[PDB]
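Tertiary structure, described
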Amino acid sequence: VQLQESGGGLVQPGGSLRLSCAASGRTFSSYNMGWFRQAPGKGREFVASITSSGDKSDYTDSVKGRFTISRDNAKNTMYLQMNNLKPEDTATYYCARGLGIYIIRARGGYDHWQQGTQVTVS
């Protein structure tokens with residue numbers, strides 16, 4: 001296991017949830033880290049990602065202004081703060097990471113994947 005997700009569960013529409021993703025401190029700040037999500041019968045949609053240093057981040061259009069990705073390199077933990085949650089956001093959320101040489105938007109850059117956490121908006 002390279003990545004361990006926390007957070008998830010049930011949320012009311014308009015509510016908030018924080019996801020987190022931990023990895024080893026040895027190499028933590030060498031990797032971009034992001035979140036993808038998957039609804040049954042569909043593919044893995046990019047949600048957000050953040051560069052190794054935390055200086056750059058990006059988001060899929062439908063979550064801009066609602067979700068914020070951040071990382072605490074000191075604590076070896078990355079976060080997705082999900083605010084104003086909507087039915088469209090129900091999915092399994094996967095933490096992913098890839099070497100910092102990749103641009104964060106490159107799907108092909110994500111080497112490691114967590115097991116996923118289910119988020120259901122009531």
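Below you will find a few notes about this structure. Sequence positions in this view are assigned from 1 along each chain in the order the sequence is written. Entry numbering can differ, and residues without coordinates are absent from the display. For the side-chain quantities, the full set of heavy atoms in the structure was used; hydrogens and water were omitted. Residues with missing side-chain atoms are left out of burial classes, side-chain pairs and their counts.

Here we take up the overall build of the protein chain. The helix and strand labels rest on DSSP assignments: H or I over at least four residues marks a helix, E over at least two residues marks a strand, and numbering proceeds from the N terminus. When helices and strands are tallied, the protein chain shows zero helices and eleven strands. Across the protein chain, helices and strands are ordered from the amino to the carboxyl terminus as β-β-β-β-β-β-β-β-β-β-β. The C-alpha radius of gyration computed for the protein chain amounts to 13 Å, which stays within 12% of the reference 14 Å derived for 122 residues, consistent with globular compactness. For the protein chain, the spread of C-alpha atoms along the three principal axes comes to 40 × 30 × 25 Å. A contact between two residues is defined here by any heavy atoms of the two lying within 4.5 Å. Taking as baseline every contact in the protein chain between residues at least 6 positions apart, the subset at least 24 positions apart corresponds to 58%. With C-alpha atoms as the basis for the radius of gyration, the globule rule is written as 2.2 Å multiplied by the number of residues raised to the power 0.38.

For the rest of this paragraph, the subject is the nonpolar core. Counting residues in each nonpolar core, the largest one holds 25 residues, and the members touching the most others are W35, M78, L80 and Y93. At the level of secondary structure, the elements contributing two or more residues to this core comprise strand 3 (17–22), strand 4 (31–38), strand 5 (45–50), strand 7 (67–72), strand 8 (77–82), strand 9 (91–99) and strand 11 (117–121). The nonpolar core is taken to be a set of buried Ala, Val, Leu, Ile, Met, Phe, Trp, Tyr and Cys residues, with the residues joined through side-chain atoms within 4.5 Å. Only protein chains enter the calculation, and the probe is 1.4 Å; a residue is then buried if its accessible area is under 20% of its type maximum, exposed if over 50%, and partly exposed in between.

Before going further, it helps to spend a moment on a nonpolar patch on the surface. Here the term patch refers to residues with relative accessible area over 30% and no salt bridge, with like charges joined within 9 Å and nonpolar side chains (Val, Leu, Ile, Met, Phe, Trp, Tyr) within 5 Å. Areas reported as accessible are Shrake-Rupley estimates using a 1.4 Å probe. Residue values count occlusion only from the protein chains shown. A carboxyl oxygen of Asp or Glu within 4 Å of a side-chain nitrogen of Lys or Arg is what we treat as a salt bridge. Together, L99, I101 and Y102 line one region of the surface with nonpolar side chains, adding up to about 320 Å² of accessible area. Among the secondary structure elements, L99 is positioned in strand 9.

Right, let's get into unusual backbone geometry. The backbone phi angle of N76 is positive, close to 65°, even though this residue is not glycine. Tracing the backbone through its elements, the reader meets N76 in the loop between strand 7 and strand 8. In the Ramachandran plot, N84 falls in the positive-phi region, its phi being about 45° despite a non-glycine side chain. Structurally, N84 can be placed in the loop between strand 8 and strand 9. Taking the relative accessible area as the measure of exposure, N84 reaches 38% and is therefore partly exposed.

Strand pairing in a sheet relies on backbone hydrogen bonds, with the paired strands running either antiparallel or parallel. Read from one edge of the open sheet, four strands run 1-3-8-7, paired in antiparallel fashion. Each edge of the open sheet is held by one strand with a lone partner, namely strand 1 (4–6) and strand 7. Within the sheet, the average angular offset between the axes of one strand and its neighbour, ignoring direction, is 15°. Pairing analysis gives six bridges linking strand 7 to strand 8, with the strands arranged antiparallel. Along strand 8, the bridge assignment pairs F67 with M82. Only strands joined by at least two bridges in the DSSP assignment are considered to pair. Interaxial angle, 0 to 180 degrees, is taken between N-to-C directions of lines fitted to C-alpha atoms, where a helix line uses only the stretch in contact.

A few words now on the packing of aromatic side chains. Each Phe, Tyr or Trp ring, with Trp reduced to its six-membered ring, pairs with another whose centre is within 6.5 Å; inter-plane angles below 30 degrees give stacked pairs, above 60 give edge-to-face pairs, and intermediate values give tilted ones. Per the stated rule, a full pass over the model turns up four aromatic pairs. Centre to centre, the rings of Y94 and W113 are 6.4 Å apart; their planes meet at 70°, and the pair counts as edge-to-face. In this pair, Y94 sits in strand 9 while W113 sits in strand 10 (residues 112–113), placing the two residues 19 residues apart along the sequence. Using a relative accessible area of 29% as the deciding quantity, one classes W113 as partly exposed.

Inspection of the secondary structure assignment puts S20 in strand 3. Setting aside its immediate chain neighbours within four residues, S20 contacts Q4, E5, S6, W35, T77, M78 and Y79.

Further remarks concern the environment of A106. When you line up the elements, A106 lands in the loop between strand 9 and strand 10. Between the alpha carbons of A106 and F28 there is a distance of 19 Å; along the sequence they are 78 residues apart.

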